[PDB]
């Protein structure tokens, strides 16, 4: 279609919209359930029954409930992010998926509908060890095979976001099938630092299940899509 993601976020295409309300992020860490290997990436799952865990403000018409969050990475530290910024790609990218509780009855239905989801994207960059990320890194050995899952304790995704909350927003799609154009994209300008050793662990996962021949999980990002005549607006100037 015309509203596909990811895209290369370029300065020349950005238009400051001073009308964008403050982005309110409030997650209920207690609603965290398990972490599992989908066969494409690893994803942390939440219990979306809580009407207070989610996001509001910014470009959203109402509150969107947190459902899950995952990551995308490449075979080396030189690439892996889905989105690029003026052509530069980062080692990996974190996606926090929220769904429209107001317009849809549930996440399954939200994910393929008109304004079903709002996804925040955080670029990860090599730097200092990230304390909150370690909690995830430690249980990765338990989910190295496709479809494997491990229970999770309380975890607040906000600990994964950068301090500065300046972003770009635009209409897009899912970056995995069905590639439905149901997403309002919120990408953070400021990348979060993580150490190499933490990033390396992501690469020990496998696309293959138990018994099957070992197929390493790397390069699980979709290639860049054309912006078309979509409005890439920024919350900063």
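Positions refer to the first chain, counted from 1.
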Output the stretch having the higher mean C-alpha B factor in the entry; the candidates are 79-87 and 103-111.
-> 103-111
The stretch carrying the higher mean Cα B factor in the deposited entry, 91-99 or 149-157, is 149-157
So among 172, 211, 39, 196, who wins on Cα B-factor in the entry?
-> 211
Hey, what third does residue 28 fall into on Cα B-factor, ranked over its chain?
-> middle
Going by what the PDB entry lists, where does residue 120 fall on CA B-factor within its chain: lowest, middle or highest third?
-> lowest
Position of residue 130 among the chain's modelled residues by C-alpha B-factor, lowest, middle or highest third | lowest
Among the modelled residues of its chain, the C-alpha B-factor of residue 50 falls in the third labelled highest
Where the record places residue 192 (Cα B-factor, split into thirds across the chain) | middle
